[PDB]
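Residue numbers (the UniProt record's numbering), protein chains in the order written: chain P, 270 to 304, 315 to 882, 888 to 893, 931 to 939, 957 to 998; chain L, 321 to 426; chain E, 1 to 202. Even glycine gets a Cβ: it sits at the ideal position worked out from N, Cα and C.
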Amino acid sequence: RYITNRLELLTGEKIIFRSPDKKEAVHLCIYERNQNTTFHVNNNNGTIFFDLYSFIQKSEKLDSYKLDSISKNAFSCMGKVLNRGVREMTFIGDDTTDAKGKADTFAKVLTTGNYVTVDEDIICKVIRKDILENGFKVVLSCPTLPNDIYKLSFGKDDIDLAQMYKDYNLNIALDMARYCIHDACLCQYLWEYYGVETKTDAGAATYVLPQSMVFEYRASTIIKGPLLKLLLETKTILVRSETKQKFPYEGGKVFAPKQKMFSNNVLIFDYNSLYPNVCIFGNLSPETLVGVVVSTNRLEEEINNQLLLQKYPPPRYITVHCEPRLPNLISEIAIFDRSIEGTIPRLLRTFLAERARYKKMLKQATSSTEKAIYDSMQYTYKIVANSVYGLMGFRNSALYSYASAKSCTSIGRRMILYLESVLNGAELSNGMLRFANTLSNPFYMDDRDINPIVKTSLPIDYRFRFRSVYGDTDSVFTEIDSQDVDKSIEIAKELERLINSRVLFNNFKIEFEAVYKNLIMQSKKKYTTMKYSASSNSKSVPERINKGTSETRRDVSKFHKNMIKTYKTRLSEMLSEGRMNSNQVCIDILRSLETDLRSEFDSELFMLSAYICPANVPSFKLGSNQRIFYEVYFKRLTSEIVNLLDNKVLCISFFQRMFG
Amino acid sequence: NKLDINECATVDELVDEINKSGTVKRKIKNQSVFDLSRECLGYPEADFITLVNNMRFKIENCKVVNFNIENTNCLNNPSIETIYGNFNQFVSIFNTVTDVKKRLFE
Amino acid sequence: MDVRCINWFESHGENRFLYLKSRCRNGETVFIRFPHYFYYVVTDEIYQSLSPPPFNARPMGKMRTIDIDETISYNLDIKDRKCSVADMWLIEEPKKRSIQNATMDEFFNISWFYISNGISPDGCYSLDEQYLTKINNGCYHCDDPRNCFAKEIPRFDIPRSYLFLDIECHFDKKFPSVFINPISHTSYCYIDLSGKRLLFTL
């Protein structure tokens, strides 16, 4: 926009696009597709005018969409110091020093880099570059540090541009050339990092559509391709001769854990695509729905209720209790006929089927050009599958079916409660694992070996019991209370062996991811420590730093905090042990916080994502009136993190201490 | 009384009188045993529901055999207790109309 | 001649066209221009009883139509939906006609092109070379997409071009404006068909 507008302004000439046959001419003029808008270019000569900003806004769920942060966490590698010095150090980056390859990528972007980050927060200008045969040598203007291994994250670029524009001379011109060219080259290192050039093709084969539509539209517009191809094999047409009515409803329940840490490392069992599996099991569809029956009052329910069992019997029929539509009656049993394939079940079956195949042909590929084609294909199918539940609810889609949508979340959330219920399972005496109580199957009797007692592979005899769990729509956090040491893993393997294989009925299945260590669940699944140590425990190095990254926006004052880091790190390091640092956690954190607060109530950072108060109890700027907000945030730091400890005594005790 | 017909001392006499009366049959057909057996007793329209929704029941063959109210607050309303005391009559006429509606479109 | 497809696009003048931009084995690039039709789906009855006769139409087979409207039932007497069955016709025309009782509407004129024609927007096709008439240098017109895109070959590698850019502008207030501020710097990463990456700044 700048370029073309300035051009018009100064010389009155325009940017022109011909057709391939030279019989149409257009001028550049950006337009929009308001959906969080998105700007597009109006060209008609075949070029694809991409823009990464929109693409990573769509396909990635990150906390900041500033070039700095993405270039930060995408391009990174661990480096090793060879000689320290004064006000400058020397790093090397290679093979096994960290994982295969990222050394090479780091060396690639370093070719035009200027400022790096030393393992966190420490920006330094680059002094010397050296492209190794396999890695990189770099020399940085950073102060000397204790350790020998460090993180190396590529970019914050703390530069003051306005000032440089005030005192323009030749030198800063030659500097800013080096900055703008590096920006442009980053805008290509990213496009190679995401492999957009092969997603743009996988999305044109599956999502039958041109190559320049693939990232411009919403889900409702891209599913019609495979859907049409399905309708054409099954000789089917669905016609809605009615005008739909909207009965807004729950989007979903938020699950909230009540402890993190002393729990003694939780497992991390995962669901493999619940909603598509449910839409297959129950055979939900807009045309396998026999009917919904309702009742405005009791004594009509129980009539209808013993009726619809005498007719409509399982397993040929499945019936679901939903949340009442018109706030007035109280029934809404919906009935589905599980005898011929619905349309949505066919769709989902093919999607899961082919993703499961390309998952393999990738494992068998050897060249480096295929391992991109297959990986892009499986990603494509993953997306298309996970986009079908939320689209049944959209009133304006083509998969719209109110009852089917409400019956999802219903079967699903029964499934969730049925898993989390039977999970207590204090295993011992060579295999106890009662789970919760019974291994029944909801929705009907399946006659499938309900024996709460069960014998495992049983490496040895054990006395490890499981604690009631917290779970989610996607995951299940089973917190082992025994806390082996790191071998407890052999316990999750065999647990996967059974729960998602014997305590389960149909296509519902196994995952077993792993997020060990004593996390700190400060909030929804979105905010906690990362501490991730995957199933390869052999000689482990975990990801320690952060999962929340709600530590990026201020919108507040910036004087008297900064401790949030230190409080967080103290609380983390205190739980290295698991038994006896619970009371020590509360005691030390609250005592030290009181001491700090009092010391500088009577005598840089505020991130956690004008009205003035006095401080006489025992356009927003600061003054020498600091004694205001000492009082609030310190109360907060402990009132927020409550889902980690259980010493509910000293918590409100210090709460009362600071009351006066 | 409610269906503009002759007195019928027994139930099959009733079903006959209905069956020969095409209009009475055809004006039963559209209805529910509940709405009809409450219109034959004049409960107003609604508070009947605040009653019904306060008890549990016992049904077989789509036919009440038992019931019991569990929240007693509603009876403190005047228009409510007049309906409550007058209930067993409604239960009985309900079973009867169930039976005739079964045997008629039988 | 064996091409790999790069991108398809449309043209919304008075006249409609679909363009295929493609690269051959050696790297020389070709444009192919098909006409663009509005499609519809009709029942047999509507097919013959319709006037004027359409431009083209070919039978889809014998399909089952289903009504799927959701209706709250009260008693228990659940009824069954109207699953009619008939023979379907797929009807193409160059202009926009409104036809009563034409089902299968929810789809774009672009999917009807790829499906009804056996074309996949990723294919590597050996074009049948007699159907493509000159228009201009690198611009051939086709009329029978079926026979032209009849073949297929395994995928083969091609070269591609790029351009990655960025600018920086003079500014002194909050954040600049085109009426007051000149462009200080302008950079460019130019990767050519021959495959040499050139950087420069102005």
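Closest residue to residue i among the options (Cα-Cα distance)
i	options	result
residue 150 (chain E)	E:76, E:127, E:171, E:161	E:127
residue 685 (chain P)	P:744, P:814, P:789, P:529	P:529
residue 328 (chain P)	P:286, P:432, P:358	P:286
residue 140 (chain E)	E:165, E:61, E:194, E:22	E:22
residue 723 (chain P)	P:622, P:784, P:855	P:784
residue 771 (chain P)	P:635, P:997, P:706	P:706
residue 191 (chain E)	E:95, E:82, E:165	E:165
residue 534 (chain P)	P:967, P:805, P:825, P:931	P:805
residue 547 (chain P)	P:971, P:497, P:749	P:749
residue 782 (chain P)	P:636, P:447, P:712	P:712
residue 743 (chain P)	P:757, P:731, P:628	P:757
residue 694 (chain P)	P:451, P:753, P:866, P:888	P:753
residue 98 (chain E)	E:38, E:7, E:9	E:38
residue 27 (chain E)	E:156, E:71, E:59, E:84	E:156
residue 145 (chain E)	E:82, E:84, E:130, E:168	E:130
residue 492 (chain P)	P:452, P:778, P:326	P:326
residue 888 (chain P)	P:575, P:834, P:668, P:624	P:834
residue 66 (chain E)	E:123, E:12, E:103	E:103
residue 180 (chain E)	P:847, P:279, P:933, P:640	P:279
residue 374 (chain L)	L:351, L:387, L:362	L:387
residue 708 (chain P)	P:741, P:683, P:873	P:741
C-beta atoms of residue i and residue j nearer than 8 Å
i	j	result
residue 394 (chain P)	residue 404 (chain P)	yes
residue 207 (chain E)	residue 455 (chain P)	Because chain E in this structure spans residues 1 to 202, residue 207 (chain E) falls outside the shown range and cannot be described.
residue 816 (chain P)	residue 765 (chain P)	yes
residue 199 (chain E)	residue 189 (chain E)	yes
residue 759 (chain P)	residue 584 (chain P)	no
residue 367 (chain P)	residue 419 (chain P)	yes
residue 967 (chain P)	residue 836 (chain P)	yes
residue 559 (chain P)	residue 786 (chain P)	yes
residue 992 (chain P)	residue 869 (chain P)	yes
residue 703 (chain P)	residue 714 (chain P)	yes
residue 434 (chain P)	residue 351 (chain P)	yes
residue 431 (chain P)	residue 482 (chain P)	no
residue 3 (chain E)	residue 114 (chain E)	no
residue 466 (chain P)	residue 297 (chain P)	no
residue 389 (chain P)	residue 360 (chain P)	no
Identity of the residues DSSP links to residue i by a beta bridge
i	result
residue 8 (chain E)	E:20
residue 368 (chain P)	P:419
residue 409 (chain P)	P:416
residue 140 (chain E)	E:32, E:134
residue 57 (chain E)	E:91
residue 386 (chain L)	L:378
residue 294 (chain P)	P:287
residue 686 (chain P)	The partner list for residue 686 (chain P) (beta bridge, DSSP) is empty, contrary to what the question assumes.
residue 732 (chain P)	DSSP, once it has assigned bridges, lists no residue as partnering residue 732 (chain P).
residue 185 (chain E)	E:168
residue 754 (chain P)	P:549
residue 43 (chain E)	E:88
residue 359 (chain P)	P:371, P:428
Cβ separation of residue i and residue j, assumed to be a contact under 8 Å, to the nearest whole Å
i	j	result
residue 552 (chain P)	residue 631 (chain P)	7 Å
residue 444 (chain P)	residue 170 (chain E)	6 Å
residue 581 (chain P)	residue 410 (chain L)	The Cβ separation is near 17 Å, so there is no contact.
residue 33 (chain E)	residue 19 (chain E)	6 Å
residue 299 (chain P)	residue 275 (chain P)	The Cβ separation is near 14 Å, so there is no contact.
residue 41 (chain E)	residue 76 (chain E)	Residue 41 (chain E) to residue 76 (chain E), Cβ: 37 Å. No contact.
residue 985 (chain P)	residue 861 (chain P)	6 Å
residue 501 (chain P)	residue 488 (chain P)	7 Å
residue 305 (chain P)	residue 537 (chain P)	There are no coordinates for residue 305 (chain P) in this structure, because the numbering of chain P runs from 304 directly to 315.
Near the ligand SAH: residue i beta-carbon under 7 Å from a heavy atom
i	result
residue 64 (chain E)	The model depicted lacks the ligand SAH and carries no ligand whatsoever.
Next item on the list: Note down, in chain order, all residues in the region 508–522 of chain P with a beta-carbon under 9 Å from any beta-carbon belonging to chain A.
Entry: Among the chains of the structure shown, chain A does not appear; the protein chains present are P, L and E.
Next item on the list: Starting from the N-terminal side, write out each stretch of the alpha helix (DSSP H) that is 4 residues or longer and does not extend beyond the region 586–656 of chain P.
Entry: 622–642
Next item on the list: Taking only runs that begin and end inside the region 540–577 of chain P, name each unbroken alpha helix (DSSP H) of 4 or more residues, in chain order.
Entry: 553–560
Check: Taking only runs of the alpha helix (DSSP H) that begin and end inside the region 658–724 of chain P, which ones reach a length of at least 4 residues, in chain order?
Finding: 668–672, 681–686, 689–700
Notebook entry, point to check: Taking only runs of the alpha helix (DSSP H) that begin and end inside the region 420–453 of chain P, which ones reach a length of at least 4 residues, in chain order?
Noted result: 440–445
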